[PDB]
Amino acid sequence: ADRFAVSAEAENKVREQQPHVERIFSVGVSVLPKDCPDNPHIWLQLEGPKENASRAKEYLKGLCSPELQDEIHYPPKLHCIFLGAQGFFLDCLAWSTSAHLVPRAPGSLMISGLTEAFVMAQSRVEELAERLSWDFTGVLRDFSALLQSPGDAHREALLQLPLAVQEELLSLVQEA
């Protein structure tokens with residue numbers, strides 16, 4: 001009950017995203033050798049804790065047949081969230097939602113996955129973008145503590161984010 005099947009013609013996408021799934025979800029993903037090369041499907045095998053494997057499966061299924069797909073737009077000063085801190089906040093959003101998330105030109109993020117994974121990631125980005133225009137404790141203190149990666153080119157843009165955005169990012173990282 002550890003293995004699940006996806007369409008055989010998605011093997012490319014799976015093999016390309018393998019390192020990125022293993023890194024974000026701390027699992028091992030293996031493409032089992034298929035029993036007949038004309039099979040319409042291939043079997044994938046996941047290794048690791050139960051929670052990770054479950055989220056990694058949602059991610060892999062959403063990668064192989066996305067039910068929803070769209071580019072989400074937002075003010076470019078938010079873009080540093082998705083590139084900064086060596087991808088940490090993007091990684092947490094992928095772990096939180098199992099959506100496939102790909103930054104584009106500053107101001108834009110490609111979101112795809114299963115229906116609920118997509119909707120959950122899109123709603124979260126809209127909340128962060130919404131909080132850009134709010135007006136407001138040691139939130140700056142706890143937020144700075146997340147920025148522990150060396151040589152972060154985006155460290156300045158992150159720290160000039162409004163407190164409302166920083167606090168919401170703290171909520172994201174400090175979740176299930």
# chains A, B, ... in the order shown; residues from 1 in each chain; ligands from 1

$ residues_around --residues "stretch 97-107 of chain A" --least-positions-apart "6" --cutoff "9 Å" --atoms "only C-alpha atoms" --output "PyMOL selection string"
chain A and resi 55-60+62-63+71-80+82-83+90-91+113-114+116-121

$ write_last_selection --atoms "N, CA, C and O atoms" --output "compact mmCIF listing (two decimals), in the first residue's frame"
# COMPACT_ATOMS: atom_id res chain seq x y z
N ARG A 55 1.81 13.68 1.59
CA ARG A 55 1.90 14.97 0.91
C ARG A 55 2.70 14.84 -0.38
O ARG A 55 2.36 15.48 -1.39
N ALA A 56 3.75 14.02 -0.39
CA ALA A 56 4.53 13.85 -1.63
C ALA A 56 3.70 13.17 -2.71
O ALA A 56 3.91 13.44 -3.90
N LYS A 57 2.78 12.29 -2.32
CA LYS A 57 1.92 11.64 -3.31
C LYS A 57 0.98 12.65 -3.96
O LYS A 57 0.86 12.70 -5.19
N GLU A 58 0.33 13.48 -3.14
CA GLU A 58 -0.51 14.54 -3.67
C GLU A 58 0.27 15.40 -4.66
O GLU A 58 -0.20 15.71 -5.76
N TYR A 59 1.50 15.77 -4.28
CA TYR A 59 2.33 16.56 -5.17
C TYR A 59 2.59 15.81 -6.47
O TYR A 59 2.38 16.35 -7.56
N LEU A 60 3.02 14.56 -6.38
CA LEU A 60 3.33 13.80 -7.58
C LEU A 60 2.11 13.59 -8.46
O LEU A 60 2.21 13.65 -9.69
N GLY A 62 -0.55 15.54 -8.61
CA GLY A 62 -0.83 16.85 -9.21
C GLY A 62 0.16 17.26 -10.30
O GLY A 62 -0.17 18.04 -11.19
N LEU A 63 1.38 16.74 -10.22
CA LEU A 63 2.36 17.01 -11.26
C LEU A 63 2.04 16.23 -12.53
O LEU A 63 2.16 16.76 -13.64
N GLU A 71 -1.23 31.03 -13.86
CA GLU A 71 -0.26 32.01 -13.41
C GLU A 71 -0.96 32.97 -12.47
O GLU A 71 -2.00 33.52 -12.81
N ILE A 72 -0.40 33.16 -11.29
CA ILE A 72 -0.92 34.10 -10.32
C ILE A 72 -0.04 35.33 -10.34
O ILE A 72 1.19 35.22 -10.27
N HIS A 73 -0.66 36.50 -10.40
CA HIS A 73 0.05 37.77 -10.47
C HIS A 73 -0.09 38.51 -9.14
O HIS A 73 -1.02 38.27 -8.37
N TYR A 74 0.86 39.41 -8.88
CA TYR A 74 0.92 40.11 -7.61
C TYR A 74 1.97 41.21 -7.72
O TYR A 74 2.82 41.17 -8.61
N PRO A 75 1.93 42.21 -6.83
CA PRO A 75 2.92 43.30 -6.88
C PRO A 75 4.34 42.75 -6.78
O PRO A 75 4.64 41.93 -5.92
N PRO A 76 5.24 43.19 -7.67
CA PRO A 76 6.59 42.60 -7.69
C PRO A 76 7.36 42.69 -6.39
O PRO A 76 8.31 41.93 -6.22
N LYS A 77 7.00 43.58 -5.46
CA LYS A 77 7.83 43.60 -4.26
C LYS A 77 7.58 42.39 -3.38
O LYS A 77 8.39 42.12 -2.47
N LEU A 78 6.51 41.63 -3.66
CA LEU A 78 6.25 40.37 -2.98
C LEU A 78 7.12 39.24 -3.51
O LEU A 78 7.30 38.24 -2.82
N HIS A 79 7.70 39.41 -4.70
CA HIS A 79 8.39 38.30 -5.35
C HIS A 79 9.54 37.74 -4.52
O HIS A 79 9.82 36.54 -4.56
N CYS A 80 10.21 38.59 -3.72
CA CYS A 80 11.32 38.10 -2.92
C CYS A 80 10.90 36.97 -1.97
O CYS A 80 11.74 36.14 -1.60
N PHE A 82 9.22 34.38 -2.73
CA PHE A 82 9.32 33.10 -3.42
C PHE A 82 10.73 32.77 -3.89
O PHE A 82 10.99 31.61 -4.24
N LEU A 83 11.66 33.73 -3.88
CA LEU A 83 13.05 33.45 -4.21
C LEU A 83 13.98 33.49 -3.01
O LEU A 83 15.03 32.85 -3.03
N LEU A 90 9.06 29.41 -0.32
CA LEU A 90 8.48 28.62 -1.40
C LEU A 90 8.41 27.14 -1.01
O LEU A 90 7.41 26.47 -1.29
N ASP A 91 9.46 26.63 -0.37
CA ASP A 91 9.50 25.23 0.03
C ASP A 91 8.41 24.93 1.05
O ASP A 91 7.76 23.88 0.98
N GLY A 113 -1.63 21.83 -9.76
CA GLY A 113 -1.72 20.64 -8.94
C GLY A 113 -3.14 20.10 -8.96
O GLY A 113 -3.93 20.41 -9.84
N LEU A 114 -3.40 19.24 -7.98
CA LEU A 114 -4.76 18.80 -7.75
C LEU A 114 -5.61 20.00 -7.32
O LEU A 114 -5.11 21.03 -6.86
N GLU A 116 -7.63 20.91 -4.88
CA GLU A 116 -7.49 21.53 -3.57
C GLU A 116 -6.07 22.05 -3.32
O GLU A 116 -5.91 23.08 -2.66
N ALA A 117 -5.04 21.38 -3.85
CA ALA A 117 -3.68 21.90 -3.68
C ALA A 117 -3.53 23.27 -4.35
O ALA A 117 -3.04 24.23 -3.73
N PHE A 118 -3.96 23.37 -5.61
CA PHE A 118 -3.98 24.66 -6.31
C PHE A 118 -4.74 25.72 -5.52
O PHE A 118 -4.24 26.84 -5.32
N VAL A 119 -5.98 25.43 -5.13
CA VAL A 119 -6.79 26.45 -4.50
C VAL A 119 -6.13 26.92 -3.21
O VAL A 119 -6.12 28.11 -2.89
N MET A 120 -5.51 25.99 -2.50
CA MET A 120 -4.89 26.33 -1.22
C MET A 120 -3.66 27.20 -1.42
O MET A 120 -3.41 28.13 -0.65
N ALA A 121 -2.86 26.92 -2.45
CA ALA A 121 -1.70 27.76 -2.71
C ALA A 121 -2.11 29.13 -3.22
O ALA A 121 -1.56 30.16 -2.80

$ select_by_dssp --residues "chain A" --states "alpha helix (DSSP H)" --output "ChimeraX atom specification"
/A:11-25,50-64,80-97,115-131,139-146,155-159,163-173

$ residues_around --residues "stretch 172-176 of chain A" --least-positions-apart "4" --cutoff "8 Å" --atoms "only C-alpha atoms" --output "CSV table (one decimal) with C-alpha atoms, in the first residue's frame"
chain,number,residue,atom,x,y,z
A,89,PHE,CA,9.3,30.1,2.0
A,92,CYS,CA,7.1,25.7,3.0
A,93,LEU,CA,4.3,26.6,0.6
A,96,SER,CA,1.9,23.1,3.1
A,168,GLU,CA,1.6,35.7,7.8

$ select_by_dssp --residues "chain A" --states "strand (DSSP E)" --output "JSON, numbers by chain"
{"A": [3, 4, 5, 6, 7, 28, 29, 30, 31, 41, 42, 43, 44, 45, 46, 47, 68, 69, 70, 71, 72, 73, 100, 101, 102, 103, 108, 109, 110, 111, 112, 113]}

$ write_last_selection --atoms "N, CA, C and O atoms" --output "tab-separated table (two decimals), in the first residue's frame"
chain	number	residue	atom	x	y	z
A	3	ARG	N	2.95	2.01	-2.73
A	3	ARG	CA	3.14	2.38	-4.12
A	3	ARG	C	1.83	2.82	-4.75
A	3	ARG	O	0.75	2.42	-4.31
A	4	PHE	N	1.94	3.69	-5.74
A	4	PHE	CA	0.79	4.20	-6.47
A	4	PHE	C	1.21	4.44	-7.90
A	4	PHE	O	2.40	4.58	-8.20
A	5	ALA	N	0.23	4.46	-8.79
A	5	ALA	CA	0.48	4.49	-10.22
A	5	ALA	C	0.08	5.83	-10.83
A	5	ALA	O	-0.88	6.47	-10.41
A	6	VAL	N	0.85	6.25	-11.83
A	6	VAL	CA	0.58	7.44	-12.61
A	6	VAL	C	0.70	7.04	-14.08
A	6	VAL	O	1.22	5.98	-14.41
A	7	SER	N	0.20	7.91	-14.95
A	7	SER	CA	0.28	7.65	-16.39
A	7	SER	C	1.73	7.50	-16.83
A	7	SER	O	2.59	8.31	-16.48
A	28	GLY	N	12.05	9.45	-0.29
A	28	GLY	CA	12.67	8.88	-1.47
A	28	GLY	C	11.56	8.50	-2.44
A	28	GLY	O	10.56	7.90	-2.04
A	29	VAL	N	11.75	8.87	-3.70
A	29	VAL	CA	10.84	8.46	-4.75
A	29	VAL	C	11.61	7.60	-5.74
A	29	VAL	O	12.71	7.98	-6.17
A	30	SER	N	11.06	6.43	-6.04
A	30	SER	CA	11.61	5.52	-7.04
A	30	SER	C	10.54	5.20	-8.08
A	30	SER	O	9.37	4.99	-7.74
A	31	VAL	N	10.96	5.20	-9.34
A	31	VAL	CA	10.15	4.69	-10.44
A	31	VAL	C	10.41	3.19	-10.56
A	31	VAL	O	11.50	2.78	-10.97
A	41	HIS	N	0.66	2.83	-17.72
A	41	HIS	CA	0.95	3.36	-16.41
A	41	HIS	C	2.33	2.93	-15.96
A	41	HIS	O	2.92	1.97	-16.48
A	42	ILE	N	2.84	3.63	-14.95
A	42	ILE	CA	4.07	3.27	-14.26
A	42	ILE	C	3.81	3.40	-12.78
A	42	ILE	O	2.97	4.20	-12.35
A	43	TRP	N	4.53	2.62	-12.00
A	43	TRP	CA	4.35	2.58	-10.57
A	43	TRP	C	5.44	3.41	-9.90
A	43	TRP	O	6.61	3.34	-10.29
A	44	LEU	N	5.04	4.21	-8.93
A	44	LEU	CA	5.98	4.96	-8.12
A	44	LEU	C	5.93	4.44	-6.69
A	44	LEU	O	4.89	3.98	-6.22
A	45	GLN	N	7.07	4.52	-6.03
A	45	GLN	CA	7.28	3.98	-4.70
A	45	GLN	C	7.89	5.08	-3.86
A	45	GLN	O	8.87	5.70	-4.27
A	46	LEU	N	7.29	5.35	-2.71
A	46	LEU	CA	7.75	6.41	-1.82
A	46	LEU	C	8.31	5.81	-0.53
A	46	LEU	O	7.82	4.78	-0.04
A	47	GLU	N	9.35	6.44	0.01
A	47	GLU	CA	10.00	5.99	1.23
A	47	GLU	C	10.06	7.14	2.22
A	47	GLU	O	10.50	8.23	1.86
A	68	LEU	N	-5.84	21.77	-12.03
A	68	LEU	CA	-5.92	23.21	-12.18
A	68	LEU	C	-4.52	23.76	-12.38
A	68	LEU	O	-3.54	23.26	-11.83
A	69	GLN	N	-4.45	24.84	-13.15
A	69	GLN	CA	-3.18	25.39	-13.60
A	69	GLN	C	-3.40	26.85	-13.91
A	69	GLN	O	-4.33	27.18	-14.64
A	70	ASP	N	-2.55	27.72	-13.38
A	70	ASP	CA	-2.68	29.12	-13.72
A	70	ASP	C	-1.47	29.88	-13.23
A	70	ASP	O	-0.76	29.45	-12.32
A	71	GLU	N	-1.23	31.03	-13.86
A	71	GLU	CA	-0.26	32.01	-13.41
A	71	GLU	C	-0.96	32.97	-12.47
A	71	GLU	O	-2.00	33.52	-12.81
A	72	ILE	N	-0.40	33.16	-11.29
A	72	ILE	CA	-0.92	34.10	-10.32
A	72	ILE	C	-0.04	35.33	-10.34
A	72	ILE	O	1.19	35.22	-10.27
A	73	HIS	N	-0.66	36.50	-10.40
A	73	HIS	CA	0.05	37.77	-10.47
A	73	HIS	C	-0.09	38.51	-9.14
A	73	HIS	O	-1.02	38.27	-8.37
A	100	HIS	N	2.49	22.49	-7.19
A	100	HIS	CA	3.72	22.75	-7.95
A	100	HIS	C	3.84	24.25	-8.21
A	100	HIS	O	2.97	24.83	-8.89
A	101	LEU	N	4.89	24.87	-7.67
A	101	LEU	CA	5.04	26.32	-7.63
A	101	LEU	C	6.32	26.74	-8.34
A	101	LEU	O	7.42	26.35	-7.93
A	102	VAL	N	6.19	27.58	-9.36
A	102	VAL	CA	7.32	27.99	-10.18
A	102	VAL	C	7.33	29.50	-10.38
A	102	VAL	O	6.53	30.01	-11.18
A	103	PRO	N	8.19	30.25	-9.70
A	103	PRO	CA	8.27	31.70	-9.94
A	103	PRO	C	8.57	32.01	-11.40
A	103	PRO	O	9.25	31.24	-12.08
A	108	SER	N	5.02	37.24	-10.62
A	108	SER	CA	4.22	36.18	-11.21
A	108	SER	C	4.74	34.82	-10.76
A	108	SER	O	5.95	34.61	-10.64
A	109	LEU	N	3.80	33.91	-10.48
A	109	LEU	CA	4.08	32.56	-9.98
A	109	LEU	C	3.16	31.56	-10.67
A	109	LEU	O	1.94	31.75	-10.68
A	110	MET	N	3.73	30.51	-11.26
A	110	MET	CA	2.92	29.44	-11.83
A	110	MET	C	2.51	28.44	-10.76
A	110	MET	O	3.36	27.89	-10.05
A	111	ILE	N	1.21	28.17	-10.69
A	111	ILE	CA	0.64	27.26	-9.70
A	111	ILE	C	-0.10	26.15	-10.43
A	111	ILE	O	-0.94	26.42	-11.30
A	112	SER	N	0.18	24.91	-10.05
A	112	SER	CA	-0.54	23.79	-10.63
A	112	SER	C	-0.61	22.66	-9.61
A	112	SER	O	0.23	22.56	-8.70
A	113	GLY	N	-1.63	21.83	-9.76
A	113	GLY	CA	-1.72	20.64	-8.94
A	113	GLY	C	-3.14	20.10	-8.96
A	113	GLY	O	-3.93	20.41	-9.84

$ atom_distance --atom1 "atom CA of residue A:132" --atom2 "atom CA of residue A:151"
25.2 Å

$ closest_residue --among "A:130, A:66, A:32, A:86" --to "residue A:15" --atoms "only C-alpha atoms"
A:32

$ closest_residue --among "A:10, A:164, A:1, A:140" --to "residue A:54" --atoms "only C-alpha atoms"
A:1
